[PDB]
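The chain that follows stands alone, in the form deposited without its partner chain, written as structure tokens.
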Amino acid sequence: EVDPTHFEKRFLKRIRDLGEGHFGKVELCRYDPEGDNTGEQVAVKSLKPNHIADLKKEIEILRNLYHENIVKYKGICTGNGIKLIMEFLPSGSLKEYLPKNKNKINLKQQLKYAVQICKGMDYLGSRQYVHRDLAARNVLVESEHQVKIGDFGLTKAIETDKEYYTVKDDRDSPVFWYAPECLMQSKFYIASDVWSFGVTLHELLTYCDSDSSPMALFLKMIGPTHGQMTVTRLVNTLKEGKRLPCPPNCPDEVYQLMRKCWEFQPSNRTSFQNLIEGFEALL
């Protein structure tokens, strides 16, 4: 019998590199058994040359997630060493899509994408998981009307009888998408992911312009060349009460909901289900 989720490594042939996430690297590949370039194009995540247990945990997370605004698990490709086979969204991430499609995508469509991310993140949060990496580069574009969350490499399960995941390894962390308690105390909540959405929402409203990215804007405020002290400087700036400014051609009613995602203490911060009600009211 043939398992459809069991992808043989020999048939799987590469096309291009799509992205790389700390240790795992994601490559576009054509799975073509018959050998005439008629095969299905699939996204193929695998380890950069261990973090096999981390990838195996990521695989088992994604396999059991079923949601419209979350990327589809297609299968696995297994000597040891394992590869995660996902569906291929050709339009790509918001980082690549939004700059190239400013004419098609308007504020009304941007808020629809924003709701769809929250619906994916609320589904994720309700299943006792914490994402730890919500940024525009990880938000994929299925079509002009649909977006999906297309990476779960830093996704971890919230522990037993506790409201946060105690972070151990944090070498390459997106510090400019991270809330103060993640930077300071190194313990990641669901309310932390709301902060990360707030920055993703800013990225979305700015059409993922590199000149006005979160990294670029924070570096303009705190200082461009401080290196090792950058993160402690970044906290001290957020302690004073200095947030990312309102994007150009962004309403205050949108920006105020974005500001509610960046309240200092997580206990008095807005949630995803609350944000859906906020955006839909404007729609």
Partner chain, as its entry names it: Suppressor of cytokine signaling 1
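Residue numbers count along the first chain shown, from 1. For the two forms, the rigid core is made up of the largest set of C-alpha atoms that agree within 1.5 Å on superposition.
Another form exists, deposited with its partner chain bound; not displayed. Remarks below refer to it.
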Q) When you measure heavy atoms, are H226, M229 and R233 every one within 4.5 angstroms of its partner chain in the entry with it bound? A) yes
Q: Mark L204 yes when one of its heavy atoms lies within 4.5 Å of a heavy atom of its partner chain in the entry with it bound, and no otherwise.
A: no
Q: Examine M184 and determine whether its closest non-hydrogen atom to its partner chain in the entry with it bound is within 4.5 angstroms.
A: yes
Q: Answer yes if any heavy atom of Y178 is within 4.5 Å of a heavy atom of its partner chain in the entry with it bound; otherwise answer no.
A: yes
Q.
At 4.5 Å between heavy atoms, is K220 in contact with its partner chain in the entry with it bound?
A. no
Q) Just one stretch in 163-171, 204-212, 141-149, 108-116 has heavy atoms within 4.5 Å of its partner chain in the entry with it bound, so which one is it? A) 163-171
Q.
So that I can tell if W262 moves, could you say whether its C-alpha shifts by at least 2 Å between this form and the one not shown after the core superposition?
A. no
(Q) If the two forms are fitted on the core, does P224 show a Cα displacement reaching 2 angstroms between this form and the one not shown? (A) yes
Q.
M215 and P224: their C-alpha distance differs by 3 angstroms or more in the entry with it bound. Do they come closer or move farther apart compared with the shown form?
A. farther
